[PDB]
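Below you will find the structure I want to go over with you.
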Amino acid sequence: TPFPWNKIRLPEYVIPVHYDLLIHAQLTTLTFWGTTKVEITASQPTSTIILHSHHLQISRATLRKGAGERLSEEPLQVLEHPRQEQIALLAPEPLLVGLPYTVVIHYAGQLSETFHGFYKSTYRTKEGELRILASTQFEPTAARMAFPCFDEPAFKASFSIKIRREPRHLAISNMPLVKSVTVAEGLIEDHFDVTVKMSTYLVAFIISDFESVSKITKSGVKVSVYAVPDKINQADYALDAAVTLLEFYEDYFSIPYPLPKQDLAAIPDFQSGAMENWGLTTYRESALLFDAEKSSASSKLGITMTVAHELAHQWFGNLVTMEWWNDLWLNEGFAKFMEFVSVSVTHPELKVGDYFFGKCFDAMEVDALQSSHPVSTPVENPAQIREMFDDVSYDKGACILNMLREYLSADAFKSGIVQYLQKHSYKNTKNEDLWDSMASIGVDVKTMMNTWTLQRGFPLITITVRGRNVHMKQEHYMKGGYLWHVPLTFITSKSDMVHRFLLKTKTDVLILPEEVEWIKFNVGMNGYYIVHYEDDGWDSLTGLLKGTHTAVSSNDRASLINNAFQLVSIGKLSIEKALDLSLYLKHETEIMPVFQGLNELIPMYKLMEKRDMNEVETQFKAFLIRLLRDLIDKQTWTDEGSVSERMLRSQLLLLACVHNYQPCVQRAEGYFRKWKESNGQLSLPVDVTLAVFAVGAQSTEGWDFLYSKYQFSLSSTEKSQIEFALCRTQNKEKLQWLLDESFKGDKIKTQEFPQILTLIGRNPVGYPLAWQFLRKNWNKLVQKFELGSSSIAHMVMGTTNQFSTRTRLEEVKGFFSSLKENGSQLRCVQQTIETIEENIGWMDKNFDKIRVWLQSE
Ligand SMILES: O=C(Cn1c(=O)sc2ccc(-c3ccccc3)cc21)NC1(C(=O)O)CCCCC1
Ligand SMILES: [Zn+2]
């Protein structure tokens, strides 16, 4: 019998209203069984129900109608279409239109050995015992691997979840536990309250031995953090941050959080950073747990931002959800942007607003290529949907919202998002709904925002000044006809007020009130565009940075560094003039422009490390250390100062040590020796630990000692610092061991494999091993992480995007083309191919220019 449905999307005429999910997981055999009951109505007569199911063995399906004495069951025949991830349920007679029915399905499955679906997670107690837990990760399309369902985000429904478990385990889910009942064969059945109407991807449940801590918000919501017993003492920071951030969002959106509780659970094995399941947010342990003695300043910032992101989704994603994955940015761009809006208020000590523009420069790297996609773009299959969780949806999405908020004003933007969330509560939206809500305040936003969401890329704005006359032009910036409504901003030598000008056309002109010495567009880098200055413009701005760099803000200095190097790539500014501009950094003190200088200069030597360019590579590295020497020498070997001062210290000391700057190497060697001689008991300053460990791991004894401490560590920061240091070894047997062991997952968890593979891909001697490992183990890596996942994208780019020869380019094209349906069409593959093509052209054009410039410098 042929399958009676030939589309990837489900039929629109059978709608669920409520699910009752009964799940029994047997953690000793890894088998699980379920009974799903789904209440549906049909709007057109049909005897066939199509729904999603993947890797579930269906034992029986029945169709119920009526209740009590009028209950009429009818058996259903089951057909499956595994490629479409669907099942078809066939009734002996047609369903009556508009009447309620309940589909009852009994099935079994095996706990996934991946990081998605209903999957197995493990950890070892400090006492040595292996413990097994079971957790969920469904977004985007994995709910169908745990229970059969209408697994598309616009088929919202309420869910009543029941879990049968052993008495030794605890179960938690989206809603509060309302009753626990003893059932047959020594099991306990937990009943959770019914959820509000929501998408299937937000269902969650965890069977574990977790401990918890709790705190109640001003609104009466019970917030808890869950973690393994050995790590619950690390939960207080995230618990306090979650309460503050949930209270912030309730007041900000004027819409209370609707559930009685909110849980934040640290899972021992987790693929992404975190997930926003309504009432049960989940995290990597490194994204939630803070050790006041060993955690880094960057990890404190990261936990705060991750918690802010997941809590923003309770409104942007959960309460209001995109209608389909083509508009995933409505969830992700908003949640990413709301991290900065909220944390700027709740944790002013972190000064997170200063870092926001960095996300925009990240998006511009990918968005300058032809392989970029518009923010809103069509997707159909699960691999294509997973590809939407990328820097375009998250970072470009947040950046265009920041640009829109600055254009409309914060208050008008806030009014628009409140109307949007209120109007579409418990429903789904598309792009046009957001523009309609923003326009309902009091400005047409649709034409402008369609230019930023329906076209890939961004514009280059060119400025030409002749006395008081300021000529403006826009063109698509591309490496290798578009038109936007660009909300320009500028300051000048005579006015530090932020001036605004909306450029809606190819060119325009404005007349300054009086002549100026300089003009600087894109103030604070709040706009998603880059700027070129004709004539003496770049000389004026170079002179400004060299003589009075505090004339513009730290973020404005970072924007000039980024844009100067971006203009070299398209032939608008020579590499010599951009390097001449970078010389001002000898007097720079602030983290954002120093880090932006590193973001532009470091990749140049990473390309050289993989070429026969030893002499120029050494000279370029010596130039970089000489450039930042005074700032490096000023660093104290302590944990003193602001979060920015701590992050700047850590990276400068690590950079100096990696490049053999003897004063820093000698000090790191001394700390490592005393730390090792004290059997690793001694508390080192966290901010110098990366440099200390990276130096210490350069000997066989130091590498072995560092690895010996890894198994006992309960600190996510310390484990990450050890992994980084071990990956800097130049012993290829140890590099291959790190790849083999993290791939296996026993001594180093597989959740660390993508980072370890990229770090070894960036090791000056070990980089060929990482690309070789990815090719050899491709099938197993795809099975573990999934085609289209951000993890696979990061592995592809991490192992190949610093190649710069035609031979390496053909290796990449030839390998990925050979995969056919198992990877040849990945967007990350086209992105890395275009990046290598740019690297080839850039090195061919600029290598000798840099060699000559270094000799003159
Ligand atoms: O090069 C890299 C990694 N990396 C790339 O591969 S491309 C890239 C662009 C920017 C940065 C970066 C921005 C800010 C602060 C600090 C770094 C880093 C980076 N790491 C080191 C190295 O392998 O030589 C080793 C550690 C110290 C830094 C240098
Ligand atoms: Zn998100």
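First residue shown is number 1, and so on along the chain.
According to its header, the structure was obtained by X-ray crystallography, 1.4 Å.
Just so you know, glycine gets a Cβ as well, placed from its N, Cα and C.
Checked Swiss-Prot, it gives:
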ACT_SITE  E310  active site, proton acceptor
BINDING   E139, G273, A274, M275, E276, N277  substrate binding site
BINDING   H309, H313, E332  Zn(2+) binding site
DISULFID  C360-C399  disulfide bond
DISULFID  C657-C664  disulfide bond
CARBOHYD  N822  N-linked glycosylation site
SITE      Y394  site 'Transition state stabilizer'
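Tell me about the setting of these features in this model.
For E310 (active site, proton acceptor), the same-chain residues lying six or more positions away in sequence with a CB closer than 8 A to its CB are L264, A274, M275, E276, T281, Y283, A335.
For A274 (substrate binding site), the number of other Cβ atoms no farther than 10 Å from its own Cβ, over all displayed protein chains, is 22.
The Cβ neighbour count for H309 (Zn(2+) binding site), using a 10 Å radius and every protein chain shown, is 26.
The local packing around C399 (disulfide bond), expressed as other Cβ atoms within 10 Å of its Cβ over all shown chains, amounts to 29.
According to its DSSP assignment, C657 (disulfide bond) is helical.
DSSP assigns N822 (N-linked glycosylation site) to a helical segment in the three-state reduction. Listed in sequence order, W778, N779, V782, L787 are the same-chain residues six or more apart from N822 (N-linked glycosylation site) with CB atoms under 8 A from its CB.
Residue environment of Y394 (site 'Transition state stabilizer') contains 24 other Cβ atoms, counted within 10 Å of its Cβ in all protein chains. In the three-state DSSP reading, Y394 (site 'Transition state stabilizer') counts as helix.
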Apart from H309, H313, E332, which residues in this chain have a Cβ no more than 8 Å from the mean position of the Cβ atoms of those residues at the Zn(2+) site?
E276, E310, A312, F316, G317, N331, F334, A335, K336, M338, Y394
Given a gap of 3 unmodelled residues from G442 to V443, what is the distance between their Cα atoms, rounded to a whole number of Å?
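Between the Cα atoms flanking the 3-residue gap there are 8 Å.
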Given the disulfide-bonded residues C360, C399, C657, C664, find the one whose Cα is closest in space to the Cα of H313 (Zn(2+) binding site).
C399
When a 10 Å sphere is centred on the Cβ of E332 (Zn(2+) binding site), how many other Cβ atoms does it contain?
25
List the same-chain residues at least 6 positions away in sequence whose Cβ sits under 8 Å from the Cβ of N277 (substrate binding site), in sequence order, or say none.
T136, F138, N174, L202, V203, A204
In the deposited model, 7 residues lying between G480 and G481 are absent; what is the Cα-Cα distance separating these two residues, in Å, to the nearest whole number?
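Flanking Cα atoms, separation 16 Å.
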For the binding-site residues listed here (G273, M275, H313), which one has the lowest count of neighbouring CB atoms within 10 Å of its own CB?
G273
